[PDB]
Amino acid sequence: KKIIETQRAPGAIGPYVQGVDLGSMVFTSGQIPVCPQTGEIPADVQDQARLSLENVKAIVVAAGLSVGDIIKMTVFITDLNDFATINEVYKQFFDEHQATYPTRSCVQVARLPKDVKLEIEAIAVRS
């Protein structure tokens, strides 16, 4: 039960850790498009989606794993009009790391912390 902490993903806005590493598997908190350096949220959904994903990647990479070890995501979104766009960025991101797509749920919620357009949690396995 190792805690994961990285500056490549935003610090906790709250009583949670960024990730926990169980040995066989890794859980991340839900990541929002907040910039780890600047604390800023990008306006466009293309960018928010790239940024949530990088934030997830930082925690998974800080555990010593890679994108291809990601087996499950939930993508929580505020607007299904943004859907094809989120999917393009998210495919590109997996393809970039030559990783097969994880299992996934995608739901439209009412609202997200800081009024972001999306939030992504992940589960990775070691082997």
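One-based numbering along the sequence shown.
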| property | result |
| --- | --- |
| Segment of higher mean CA temperature factor, 104-112 or 16-24 | 16-24 |
| Mean C-alpha B-factor comparison - 79-87 and 53-61, higher one | 79-87 |
| Chain-wide C-alpha B factor ranking for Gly30, given as lowest, middle or highest third | lowest |
| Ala122 - which third its CA temperature factor falls in, relative to the rest of the chain | lowest |
| CA B-factor placement of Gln98, once the chain's modelled residues are sorted into thirds | highest |
| CA B-factor placement of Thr38, once the chain's modelled residues are sorted into thirds | highest |
